[PDB]
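Novice: File start26.cif follows (mmCIF, C-alpha atoms and all ligand atoms):
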data_upload
loop_
_atom_site.label_atom_id
_atom_site.label_comp_id
_atom_site.auth_asym_id
_atom_site.auth_seq_id
_atom_site.Cartn_x
_atom_site.Cartn_y
_atom_site.Cartn_z
CA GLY A 13 86.65 107.07 106.41
CA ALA A 14 88.43 105.59 103.41
CA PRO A 15 90.58 103.30 105.60
CA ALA A 16 87.58 101.77 107.44
CA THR A 17 85.81 101.23 104.15
CA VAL A 18 88.82 99.20 103.01
CA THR A 19 88.85 97.19 106.26
CA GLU A 20 85.14 96.37 105.68
CA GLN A 21 84.97 95.96 101.86
CA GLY A 22 88.54 95.57 100.69
CA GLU A 23 89.68 92.50 98.73
CA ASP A 24 92.55 90.51 100.31
CA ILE A 25 95.14 90.46 97.54
CA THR A 26 97.91 88.61 99.48
CA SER A 27 99.09 85.15 98.40
CA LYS A 28 98.96 84.03 102.01
CA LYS A 29 95.42 85.43 102.54
CA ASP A 30 96.53 87.08 105.79
CA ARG A 31 94.65 90.33 105.07
CA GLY A 32 98.03 92.15 104.99
CA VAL A 33 97.12 94.09 101.83
CA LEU A 34 93.46 95.12 101.23
CA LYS A 35 92.34 96.80 98.03
CA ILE A 36 89.36 98.75 96.68
CA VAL A 37 89.22 99.85 93.06
CA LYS A 38 87.97 103.45 93.16
CA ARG A 39 88.13 104.23 89.44
CA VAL A 40 88.39 101.48 86.78
CA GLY A 41 91.30 101.66 84.34
CA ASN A 42 91.68 100.83 80.66
CA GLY A 43 92.50 97.61 78.80
CA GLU A 44 93.37 94.18 80.24
CA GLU A 45 97.14 94.58 80.89
CA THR A 46 98.51 94.94 84.43
CA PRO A 47 102.25 95.53 84.90
CA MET A 48 104.79 92.73 85.00
CA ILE A 49 107.81 92.45 87.25
CA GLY A 50 110.64 94.75 86.01
CA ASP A 51 108.23 97.14 84.23
CA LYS A 52 108.78 100.88 84.74
CA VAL A 53 105.72 102.19 86.55
CA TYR A 54 104.43 105.78 86.79
CA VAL A 55 101.95 106.73 89.53
CA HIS A 56 100.39 109.54 91.54
CA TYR A 57 99.68 108.73 95.18
CA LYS A 58 98.71 110.08 98.59
CA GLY A 59 99.67 108.13 101.67
CA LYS A 60 99.26 108.38 105.42
CA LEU A 61 99.71 106.45 108.61
CA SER A 62 96.33 105.08 109.59
CA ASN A 63 96.98 107.22 112.78
CA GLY A 64 96.82 110.22 110.30
CA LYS A 65 99.97 111.51 112.03
CA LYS A 66 102.14 111.77 108.79
CA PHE A 67 100.74 112.37 105.21
CA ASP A 68 102.75 112.15 101.92
CA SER A 69 101.93 112.85 98.33
CA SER A 70 103.57 112.76 94.95
CA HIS A 71 101.19 115.71 94.24
CA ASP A 72 103.51 117.66 96.61
CA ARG A 73 106.19 117.56 93.82
CA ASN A 74 103.53 117.97 91.01
CA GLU A 75 105.40 115.08 89.28
CA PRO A 76 104.87 111.32 89.09
CA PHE A 77 106.46 108.73 91.37
CA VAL A 78 108.40 106.32 89.17
CA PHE A 79 109.66 102.87 90.19
CA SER A 80 110.48 99.44 88.71
CA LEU A 81 107.88 96.91 89.77
CA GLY A 82 108.80 93.99 91.93
CA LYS A 83 112.39 95.04 92.62
CA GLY A 84 111.45 95.94 96.25
CA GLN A 85 112.25 99.65 95.46
CA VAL A 86 109.04 100.18 97.46
CA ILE A 87 107.36 98.40 100.38
CA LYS A 88 106.12 94.84 99.63
CA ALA A 89 102.47 96.03 99.66
CA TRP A 90 103.13 98.26 96.65
CA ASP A 91 104.90 95.56 94.59
CA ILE A 92 101.84 93.39 95.34
CA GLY A 93 99.13 96.05 94.87
CA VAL A 94 100.37 98.08 91.89
CA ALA A 95 100.84 94.74 90.09
CA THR A 96 97.02 94.29 90.20
CA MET A 97 96.23 97.71 88.68
CA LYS A 98 95.28 98.74 85.12
CA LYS A 99 96.42 101.86 83.34
CA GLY A 100 94.17 104.72 84.52
CA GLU A 101 92.97 102.88 87.62
CA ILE A 102 92.74 104.52 91.02
CA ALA A 103 92.83 102.15 94.00
CA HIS A 104 92.81 102.38 97.80
CA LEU A 105 95.25 100.08 99.70
CA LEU A 106 95.25 99.40 103.41
CA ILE A 107 98.44 97.76 104.61
CA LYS A 108 99.41 95.82 107.73
CA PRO A 109 102.95 96.38 109.11
CA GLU A 110 104.34 93.09 107.83
CA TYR A 111 103.88 94.40 104.24
CA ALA A 112 105.15 97.93 105.05
CA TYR A 113 107.79 98.80 107.69
CA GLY A 114 107.31 95.96 110.19
CA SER A 115 108.19 95.90 113.86
CA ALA A 116 111.35 97.99 113.27
CA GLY A 117 109.45 100.81 111.59
CA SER A 118 111.41 103.56 109.83
CA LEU A 119 111.94 106.07 112.60
CA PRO A 120 111.54 108.91 113.07
CA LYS A 121 109.18 109.05 110.11
CA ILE A 122 107.31 105.76 110.59
CA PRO A 123 106.76 104.05 113.97
CA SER A 124 106.95 100.40 114.79
CA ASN A 125 103.96 98.29 113.83
CA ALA A 126 102.45 101.01 111.61
CA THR A 127 99.37 100.38 109.39
CA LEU A 128 99.50 102.47 106.19
CA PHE A 129 96.86 103.74 103.76
CA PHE A 130 97.38 104.84 100.18
CA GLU A 131 95.38 106.17 97.28
CA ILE A 132 97.16 105.30 94.04
CA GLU A 133 96.64 106.33 90.44
CA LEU A 134 98.39 104.17 87.86
CA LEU A 135 99.40 106.58 85.10
CA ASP A 136 101.40 104.30 82.85
CA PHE A 137 103.80 101.38 82.68
CA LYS A 138 106.43 100.47 80.12
CA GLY A 139 108.83 97.53 79.70
CA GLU A 140 112.41 97.26 80.96
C1 LIG B 1 110.24 105.46 104.69
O1 LIG B 1 110.54 106.71 104.07
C2 LIG B 1 109.57 107.23 103.27
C3 LIG B 1 108.25 106.77 103.20
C4 LIG B 1 107.36 107.41 102.36
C5 LIG B 1 107.77 108.52 101.63
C6 LIG B 1 109.05 109.03 101.78
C7 LIG B 1 109.96 108.36 102.58
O2 LIG B 1 111.23 108.89 102.74
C8 LIG B 1 112.29 108.22 102.03
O3 LIG B 1 109.58 110.14 101.16
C9 LIG B 1 109.01 110.48 99.90
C10 LIG B 1 109.99 110.15 98.80
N1 LIG B 1 110.35 108.75 98.67
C11 LIG B 1 109.59 107.70 98.32
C12 LIG B 1 110.41 106.61 98.39
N2 LIG B 1 111.61 107.04 98.80
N3 LIG B 1 111.57 108.34 99.05
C13 LIG B 1 110.13 105.19 98.05
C14 LIG B 1 110.53 104.13 99.09
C15 LIG B 1 109.88 104.28 100.43
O4 LIG B 1 108.42 104.42 100.37
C16 LIG B 1 107.68 103.34 100.09
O5 LIG B 1 108.12 102.29 99.75
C17 LIG B 1 106.20 103.68 100.11
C18 LIG B 1 105.60 103.41 98.71
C19 LIG B 1 105.93 104.42 97.64
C20 LIG B 1 105.54 105.82 98.14
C21 LIG B 1 106.19 106.15 99.48
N4 LIG B 1 105.98 105.07 100.54
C22 LIG B 1 105.88 105.42 101.85
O6 LIG B 1 105.99 104.55 102.67
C23 LIG B 1 105.92 106.91 102.26
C24 LIG B 1 105.21 107.11 103.62
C25 LIG B 1 105.32 108.49 104.20
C26 LIG B 1 104.65 108.59 105.57
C27 LIG B 1 103.16 108.36 105.44
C28 LIG B 1 102.95 107.02 104.79
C29 LIG B 1 103.72 106.79 103.52
#
Please rewrite the model in this file as structure tokens.
Specialist:
Amino acid sequence: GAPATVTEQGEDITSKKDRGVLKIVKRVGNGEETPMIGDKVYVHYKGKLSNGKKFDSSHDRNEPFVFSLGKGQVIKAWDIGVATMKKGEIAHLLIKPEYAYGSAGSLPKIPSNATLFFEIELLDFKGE
């Protein structure tokens, strides 16, 4: 599946090179710019536990997911991964627990030591 393909082919985009955040570009975006810290970012996404036991989508509200990059409004893996994306890009991310919810998890929704997968479309970003 998509998650295994990321395990096998996915670029390690962590600073520490600990394979905590693996990325595949699935559709190339436009222009050179990628968002900066503080930028307002607009995305569509689908997400799941790698266990496929819980599945979440912005599509479920028909409306984009909006957050400020690098403020830790989202898990660390997103601040890291969406920062590498161009406008219009779709990427797959596979995420170890250290860059998601950790040993504590986020129960009852997310268990301890959970690996997460997302598909993310970067719709737009705009400055603070
Ligand atoms: C841990 O709780 C949740 C996890 C997730 C979605 C959740 C959620 O309930 C609060 O509700 C959807 C609405 N939403 C999104 C956020 N806050 N609420 C952003 C901060 C938390 O989410 C994150 O940082 C990441 C990245 C941005 C999209 C959402 N996300 C998630 O971790 C998802 C998970 C749901 C279960 C399957 C994996 C993804």
Novice: List as a ChimeraX atom specification the protein and nucleic acid residues near residue A:26, meaning an atom at most 9 Å away when all atoms listed in the file are counted, but skip any in the same chain fewer than 5 places from it.
Specialist: /A:31-34,89,92-93
Novice: Put those residues in a file: C-alpha atoms, as a short mmCIF file (atom, residue, chain, number, x, y, z; two decimals), keeping the file's coordinate frame.
Specialist:
data_model
loop_
_atom_site.label_atom_id
_atom_site.label_comp_id
_atom_site.auth_asym_id
_atom_site.auth_seq_id
_atom_site.Cartn_x
_atom_site.Cartn_y
_atom_site.Cartn_z
CA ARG A 31 94.65 90.33 105.07
CA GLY A 32 98.03 92.15 104.99
CA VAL A 33 97.12 94.09 101.83
CA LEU A 34 93.46 95.12 101.23
CA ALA A 89 102.47 96.03 99.66
CA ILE A 92 101.84 93.39 95.34
CA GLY A 93 99.13 96.05 94.87
#
Novice: Give me, as a ChimeraX atom specification, the set of residues whose atoms come within 9 Å of any atom of ligand LIG 1 (chain B), counting only C-alpha atoms and all ligand atoms.
Specialist: /A:57-62,64-70,77,79,84-91,112-113,117-119,121-122,127-130
Novice: In Å, with one decimal, what is the gap from atom CA of residue A:16 to atom CA of residue A:109?
Specialist: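 According to the coordinates, atom CA of residue A:16 and atom CA of residue A:109 are separated by 16.4 Å.
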Novice: Given only C-alpha atoms as the basis, pick out the residue of A:134, A:100, A:115, A:95 nearest to residue A:46.
Specialist: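 Of the candidates, the smallest distance to residue A:46 is held by A:95.
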Novice: One decimal, in Å: what's the spacing between atom CA of residue A:49 and atom CA of residue A:98?
Specialist: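 Calculated distance between atom CA of residue A:49 and atom CA of residue A:98 is 14.2 Å.
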Novice: Taking (93.0, 104.2, 86.8) in the file's coordinates, which residues come within 10 Å, counting only C-alpha atoms, written as number ranges by chain?
Specialist: A: 37-42, 55, 97-103, 132-136
Novice: Taking into account only C-alpha atoms, which residue in the set A:125, A:43, A:36, A:83 is nearest to residue A:20?
Specialist: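 Among the listed residues, A:36 lies closest to residue A:20.
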Novice: For atom CA of residue A:27 and atom CA of residue A:131, determine how far apart the two atoms are, in Å to one decimal place.
Specialist: 21.4 Å
Novice: Excluding residue A:80 and residues on its chain fewer than 6 positions from it, collect all residues at most 10 Å away from it, counting all atoms listed in the file, and give them as a PyMOL selection string.
Specialist: chain A and resi 47-54+86+91+137-140
Novice: Have a look at A:63, A:126, A:29, A:71 and name the one nearest to residue A:107; count all atoms listed in the file.
Specialist: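 For residue A:107, the nearest of the given residues is A:126.
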Novice: Taking (92.7, 95.7, 101.2) as a centre in this file's frame and 6 Å as the limit, can you find every polymer residue with an atom that close, using all atoms listed in the file, and give them as a PDB file with C-alpha atoms, in the coordinates of the input?
Specialist:
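Final output, saved to point39.pdb:
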ATOM      1  CA  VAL A  18      88.820  99.200 103.010  1.00  0.00           C
ATOM      2  CA  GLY A  22      88.540  95.570 100.690  1.00  0.00           C
ATOM      3  CA  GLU A  23      89.680  92.500  98.730  1.00  0.00           C
ATOM      4  CA  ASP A  24      92.550  90.510 100.310  1.00  0.00           C
ATOM      5  CA  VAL A  33      97.120  94.090 101.830  1.00  0.00           C
ATOM      6  CA  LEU A  34      93.460  95.120 101.230  1.00  0.00           C
ATOM      7  CA  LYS A  35      92.340  96.800  98.030  1.00  0.00           C
ATOM      8  CA  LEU A 105      95.250 100.080  99.700  1.00  0.00           C
ATOM      9  CA  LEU A 106      95.250  99.400 103.410  1.00  0.00           C
TER      10      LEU A 106
END
Novice: Counting only C-alpha atoms, which residue out of A:45, A:82, A:72, A:108 sits closest to residue A:19?
Specialist: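 Nearest candidate to residue A:19 out of A:45, A:82, A:72, A:108: A:108.
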Novice: Closest to residue A:28 among A:76, A:120, A:14, A:111, using only C-alpha atoms?
Specialist: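 Of A:76, A:120, A:14, A:111, the one nearest residue A:28, counting only C-alpha atoms, is A:111.
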Novice: Take every atom of stretch 51-55 of chain A listed in the file, pad by 3 Å on each side, and give me the axis-aligned box centre and edge lengths in Å, one decimal, as AutoDock Vina command-line options.
Specialist:
--center_x 105.4 --center_y 101.9 --center_z 86.9 --size_x 12.8 --size_y 15.6 --size_z 11.3
Novice: N, CA and C atoms are what I want for stretch 120-136 of chain A; can you complete it accordingly and write them as a PDB file, keeping the file's coordinate frame?
Specialist:
ATOM      1  N   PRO A 120     112.677 108.404 112.321  1.00  0.00           N
ATOM      2  CA  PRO A 120     111.540 108.910 113.070  1.00  0.00           C
ATOM      3  C   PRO A 120     110.260 109.092 112.277  1.00  0.00           C
ATOM      4  N   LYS A 121     110.290 108.805 110.990  1.00  0.00           N
ATOM      5  CA  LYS A 121     109.180 109.050 110.110  1.00  0.00           C
ATOM      6  C   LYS A 121     108.039 108.044 110.357  1.00  0.00           C
ATOM      7  N   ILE A 122     108.336 106.760 110.470  1.00  0.00           N
ATOM      8  CA  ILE A 122     107.310 105.760 110.590  1.00  0.00           C
ATOM      9  C   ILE A 122     107.563 104.959 111.868  1.00  0.00           C
ATOM     10  N   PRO A 123     106.570 104.840 112.757  1.00  0.00           N
ATOM     11  CA  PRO A 123     106.760 104.050 113.970  1.00  0.00           C
ATOM     12  C   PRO A 123     106.669 102.555 113.698  1.00  0.00           C
ATOM     13  N   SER A 124     107.069 101.823 114.712  1.00  0.00           N
ATOM     14  CA  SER A 124     106.950 100.400 114.790  1.00  0.00           C
ATOM     15  C   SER A 124     105.474  99.997 114.633  1.00  0.00           C
ATOM     16  N   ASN A 125     105.242  98.919 113.926  1.00  0.00           N
ATOM     17  CA  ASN A 125     103.960  98.290 113.830  1.00  0.00           C
ATOM     18  C   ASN A 125     102.919  99.226 113.205  1.00  0.00           C
ATOM     19  N   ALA A 126     103.338 100.045 112.218  1.00  0.00           N
ATOM     20  CA  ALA A 126     102.450 101.010 111.610  1.00  0.00           C
ATOM     21  C   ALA A 126     101.602 100.385 110.488  1.00  0.00           C
ATOM     22  N   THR A 127     100.271 100.686 110.516  1.00  0.00           N
ATOM     23  CA  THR A 127      99.370 100.380 109.390  1.00  0.00           C
ATOM     24  C   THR A 127      99.314 101.630 108.501  1.00  0.00           C
ATOM     25  N   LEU A 128      99.449 101.402 107.180  1.00  0.00           N
ATOM     26  CA  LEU A 128      99.500 102.470 106.190  1.00  0.00           C
ATOM     27  C   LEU A 128      98.275 102.402 105.294  1.00  0.00           C
ATOM     28  N   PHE A 129      97.867 103.609 104.820  1.00  0.00           N
ATOM     29  CA  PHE A 129      96.860 103.740 103.760  1.00  0.00           C
ATOM     30  C   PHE A 129      97.379 104.520 102.563  1.00  0.00           C
ATOM     31  N   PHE A 130      97.118 104.045 101.351  1.00  0.00           N
ATOM     32  CA  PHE A 130      97.380 104.840 100.180  1.00  0.00           C
ATOM     33  C   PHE A 130      96.164 104.937  99.236  1.00  0.00           C
ATOM     34  N   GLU A 131      96.102 106.057  98.524  1.00  0.00           N
ATOM     35  CA  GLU A 131      95.380 106.170  97.280  1.00  0.00           C
ATOM     36  C   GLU A 131      96.408 106.266  96.158  1.00  0.00           C
ATOM     37  N   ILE A 132      96.195 105.426  95.116  1.00  0.00           N
ATOM     38  CA  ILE A 132      97.160 105.300  94.040  1.00  0.00           C
ATOM     39  C   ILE A 132      96.465 105.400  92.707  1.00  0.00           C
ATOM     40  N   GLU A 133      97.027 106.255  91.839  1.00  0.00           N
ATOM     41  CA  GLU A 133      96.640 106.330  90.440  1.00  0.00           C
ATOM     42  C   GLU A 133      97.766 105.764  89.585  1.00  0.00           C
ATOM     43  N   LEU A 134      97.413 104.754  88.762  1.00  0.00           N
ATOM     44  CA  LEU A 134      98.390 104.170  87.860  1.00  0.00           C
ATOM     45  C   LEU A 134      98.343 104.958  86.559  1.00  0.00           C
ATOM     46  N   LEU A 135      99.421 105.695  86.262  1.00  0.00           N
ATOM     47  CA  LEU A 135      99.400 106.580  85.100  1.00  0.00           C
ATOM     48  C   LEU A 135      99.797 105.812  83.845  1.00  0.00           C
ATOM     49  N   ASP A 136     100.804 104.954  83.991  1.00  0.00           N
ATOM     50  CA  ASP A 136     101.400 104.300  82.850  1.00  0.00           C
ATOM     51  C   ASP A 136     102.380 103.241  83.347  1.00  0.00           C
TER      52      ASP A 136
END
